[PDB]
Amino acid sequence: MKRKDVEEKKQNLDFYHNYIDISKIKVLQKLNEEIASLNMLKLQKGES
Amino acid sequence: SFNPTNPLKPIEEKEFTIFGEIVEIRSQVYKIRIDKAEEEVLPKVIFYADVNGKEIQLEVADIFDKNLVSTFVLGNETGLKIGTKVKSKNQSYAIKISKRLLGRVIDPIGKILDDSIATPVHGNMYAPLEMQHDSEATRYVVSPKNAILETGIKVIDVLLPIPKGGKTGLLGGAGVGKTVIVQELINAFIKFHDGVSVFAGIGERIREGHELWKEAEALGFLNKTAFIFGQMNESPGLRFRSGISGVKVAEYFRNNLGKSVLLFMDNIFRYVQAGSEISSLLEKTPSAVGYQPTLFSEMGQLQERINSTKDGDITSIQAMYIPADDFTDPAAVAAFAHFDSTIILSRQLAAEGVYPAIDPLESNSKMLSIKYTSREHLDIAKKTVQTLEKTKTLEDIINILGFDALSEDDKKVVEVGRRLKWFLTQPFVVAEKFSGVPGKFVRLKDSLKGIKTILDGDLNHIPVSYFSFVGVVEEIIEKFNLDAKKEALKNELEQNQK
Ligand SMILES: Nc1ncnc2c1ncn2[C@@H]1O[C@H](COP(=O)(O)OP(=O)(O)OP(=O)(O)O)[C@@H](O)[C@H]1O
Ligand SMILES: [Mg+2]
């Protein structure tokens, strides 16, 4: 139980905290792609 | 026959020449003033006293003046008062050693501990504290380690090989499995050893010593083993001398009879603890964490006598206790410097059910060299440890970010790591009482083959649960095949019924 280990743990936690924001950005982009594809699928289904 | 070149010499016959009486008392520490003496008193000599025919020995620690000394008791102090008469031969404590010690259970000062009638042990008087050799250079004529013992335990045989003629240590907290591993090593080493064995219990349970003595009687290796027991119920003065007496007995059996000695010490932390208590009772300035100033010197004074010469080998297997699971403890740091092989036990692994609870990511062995093993063994061990480290790193990512964040490589790495971790567990022969699973003995090449097969990814289809507590990988394959066959037969039967 040394300050070095606590600093390592806190830096890992902060890195994960940033990475979760990055994952949120990626998931939002994939959601936008999926919605854009689904609109076209809906129009194709109506035409069919 | 065998011609000793540095044999032990029995003590010199003497008459009581120093006389005095106790002028200060305390718990375990007494001050003696000398009235009559034909010679000046020396450090570490023994003063004897008698109370109702019971003999009490006190070792000298400090010499304040020409007539005043401080002492600590070796044994029970019940009976000592102010004015008790004490006499001394100006010699340190001695025990009777001979070939008749094998099969006998004694304590550090030679009290009989295996029968009530106290059957005497014949031999000569040797002083464990007094070590005699021609010169300092004579201490540097030692043989190099050139062999590795096989234990039958997969993890120890593969990742942490145990030297022959060296020192191995088993470190861990309370109740993690040090004594079980020591007993398994005793079972797997004695009765096949070209020599004798010496066990030294230092501040351990009485029940464990009784169990080990009974097991030695039952399995037939009692007559090849010498037992010394200063246990946790004894005074600090006795727990401080158990290791010295055990080392002296091993040195007698090596130097004087040319035999290879298997030395087991448990627990080697209690020696340091007793020395610390004695130092605290003599009112000396403590070191860090309240230890004695002479901690490293005290550890070295015992550890340096366990050496291998041309007369024979002394192989030491020692259990080290970690107080409060603190591996930065000064005693642990002092002990780390002497172990050729270090095996560190984990409480979390034991909680998960991994047995033996050996942490390969914290342990190390100096026998993993090209001088002692083959290239293939080194490569397999390095790959295993690397895979376990990578798996441990990836488990945090799995725990926090979920499982789908990993790639295909990371998932395969985790699967291989889990299979490797659960394959290293093994049922111990001595551990049949705890569960009932029969013990297994796996030789080195079978362990290497199994680990190579698991590393290659051949068994990723078999569920992890099958890998725990087996012998060779063929047992895992057989269990998987039988379970699949039973499932297939049940499915065929139910489809026939429908
Ligand atoms: N190989 C094993 N197989 C099964 N159970 C085990 C094994 N090793 C240890 N255990 C379990 O752990 C318990 C403690 O083991 P052991 O007596 O060896 O511990 P220890 O480290 O010597 O403890 P202490 O600090 O009290 O001296 C055993 O009673 C048993 O339940
Ligand atoms: Mg124990």
# chains A, B, ... in the order shown; residues from 1 in each chain; ligands from 1
>>> residues_near_ligand(ligand="ligand 2", cutoff="8 Å", atoms="only C-alpha atoms and all ligand atoms", output="list in words")
residues 174, 175, 177, 178, 179, 180, 204, 205, 266, 267 and 319 of chain B
>>> residues_near_ligand(ligand="ligand 1", cutoff="9 Å", atoms="only C-alpha atoms and all ligand atoms", output="ChimeraX atom specification")
/B:171-184,204-205,208,266-267,319-322,345,350,353-357,425-435
>>> closest_atom_pairs(of="chain B", to="chain A", cutoff="9 Å", atoms="only C-alpha atoms", output="CSV")
residue,atom,partner,partner_atom,distance
B:326,CA,A:1,CA,8.6
B:400,CA,A:16,CA,8.3
B:401,CA,A:20,CA,8.2
>>> decode(residues="segment 5-45 of chain A", atoms="C-alpha atoms", output="CSV table (one decimal), in the first residue's frame")
chain,number,residue,atom,x,y,z
A,5,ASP,CA,0.1,2.0,-6.5
A,6,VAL,CA,-2.7,4.5,-5.6
A,7,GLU,CA,-1.5,6.8,-8.4
A,8,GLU,CA,-1.4,3.9,-10.9
A,9,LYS,CA,-4.9,2.9,-9.9
A,10,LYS,CA,-6.2,6.5,-10.2
A,11,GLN,CA,-4.6,7.0,-13.6
A,12,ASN,CA,-6.2,3.8,-14.8
A,13,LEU,CA,-9.6,5.0,-13.5
A,14,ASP,CA,-9.1,8.4,-15.3
A,15,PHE,CA,-8.1,6.7,-18.5
A,16,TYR,CA,-11.2,4.5,-18.3
A,17,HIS,CA,-13.3,7.6,-17.6
A,18,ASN,CA,-12.0,9.3,-20.8
A,19,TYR,CA,-12.4,6.1,-22.8
A,20,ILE,CA,-16.1,5.9,-21.8
A,21,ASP,CA,-16.7,9.3,-23.4
A,22,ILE,CA,-14.9,8.1,-26.5
A,23,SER,CA,-17.1,5.0,-26.6
A,24,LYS,CA,-20.2,7.3,-26.2
A,25,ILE,CA,-19.1,9.2,-29.3
A,26,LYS,CA,-18.5,6.0,-31.3
A,27,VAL,CA,-21.9,4.6,-30.2
A,28,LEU,CA,-23.7,7.8,-31.2
A,29,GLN,CA,-22.1,7.7,-34.6
A,30,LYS,CA,-23.1,4.1,-35.1
A,31,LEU,CA,-26.7,5.0,-34.0
A,32,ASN,CA,-26.8,7.8,-36.6
A,33,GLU,CA,-25.6,5.4,-39.3
A,34,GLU,CA,-28.2,2.8,-38.3
A,35,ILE,CA,-31.1,5.4,-38.3
A,36,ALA,CA,-30.0,6.6,-41.7
A,37,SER,CA,-30.0,3.1,-43.1
A,38,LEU,CA,-33.4,2.3,-41.5
A,39,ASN,CA,-35.0,5.3,-43.2
A,40,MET,CA,-34.0,3.9,-46.6
A,41,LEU,CA,-35.2,0.4,-45.6
A,42,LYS,CA,-38.6,1.9,-44.7
A,43,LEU,CA,-38.9,3.6,-48.0
A,44,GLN,CA,-37.8,0.4,-49.9
A,45,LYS,CA,-40.4,-1.5,-47.9
